[PDB]
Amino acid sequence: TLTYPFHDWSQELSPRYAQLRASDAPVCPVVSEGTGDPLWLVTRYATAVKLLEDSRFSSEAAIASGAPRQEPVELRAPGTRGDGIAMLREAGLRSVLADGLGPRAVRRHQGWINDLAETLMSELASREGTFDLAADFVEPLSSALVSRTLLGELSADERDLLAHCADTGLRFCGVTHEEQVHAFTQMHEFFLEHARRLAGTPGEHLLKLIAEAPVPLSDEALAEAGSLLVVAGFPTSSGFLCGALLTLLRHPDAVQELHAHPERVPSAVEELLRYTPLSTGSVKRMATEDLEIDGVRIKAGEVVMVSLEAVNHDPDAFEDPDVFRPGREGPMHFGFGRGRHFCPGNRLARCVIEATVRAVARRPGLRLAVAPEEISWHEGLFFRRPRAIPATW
């Protein structure tokens, strides 16, 4: 049986996804390379909609300790719950999450986000020679997003510790199992020592809103909130922004169009979310009872995966799916998922993506300083990221 994942750590998607999509079944059996667990895999848009909109396929049951899984180790510090955003929703914090992640948070932060994107790009444009868009643009912008909107102000050393923990824990391979587990322990212990300090600093970052919310969360619960915000917000935003910059630098005609027609930038943001691959794994859900999807029986307790990259490149949903085409008129993309677990970070993500696209579109001529095939990729990360993006004007 086919093992999962497909080791497509660069922007070139594994051919397996299109092979399975065109096969004679709407759901295909695979086996986790890291655990040996049997799993089901969906690659078609129409089938993915039905799965992800059926609440009898549960995300929490697939997150839970002991579930069949695609990842080699559990994504939690041993002895903690590690059950994700469910822990905060269950504590009654939906309103707080809306305040800290929703349109009001974007209104509060979009000004400094755009000012920072411009400041960073202006500094790079002042340099003689090449620079690295990953280290010199994405890292400072994503780190500021995390500090100012999610956690509170971090030192460089704290940011480096959390980034290392995320990169070490959120992996299919490349580190030992024990190193991966200990990354989660280190992050949890960091927040046990520092979450209350971070939550008490001035600002409106989400961790402060959580800590102050009238249910009072314990130190352990606040630490779990910190770890959630790191894993959900940091490697995702950094990986995506790097990947979106590569897409843009490889499509100078599209950038020129955005330079001339800034009103088209939002359409380019949405097309980047469809076109630019991020996760090398899949969203997943556990059948909470015996279910059927397009004729295939899924037994209670079995886990079904949807590859968002596969769905976003489904030719039955998008005409010429492998073409970057801002303004294409097709269905909604799956870059933020689908259904009740749709990314609650989507407003802040779109804000930072838009700020980046506009910073690039204002400065035509930005190009890669090496060929795309010369970009080196971190191998095995859940969320693709290049080691560097050499660039120049």
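The first residue of the sequence shown is number 1, and the count goes up from there.
Per the record, residue 156 and residue 157 are directly connected, as no deposited residue between them is missing from the model. Mean C-alpha B-factor is higher over 192 to 200 than over the other stretch, the pair under comparison being 179 to 187 and 192 to 200. The stretch 290 to 298 shows the higher mean C-alpha B-factor when 138 to 146 is compared against 290 to 298 in the entry.
Taking only the listed residues 230, 113, 215, 323, the entry reports the highest CA temperature factor at 215. When the C-alpha B-factors of 251, 171, 127, 313 are read from the PDB record, the largest value belongs to 127. Placement of the Cα temperature factor of residue 344 within the chain: lowest third of the modelled residues, per the deposited record.
In the PDB entry, a CA B factor belonging to the highest third of its chain's modelled residues is recorded for residue 371. The deposited CA B-factor of residue 71 belongs to the middle third of values across its chain. The entry lists a Cα temperature factor for residue 277 that places it in the lowest third of the chain's modelled residues.
Ranked by C-alpha B-factor against the other modelled residues of its chain, residue 337 falls in the lowest third.
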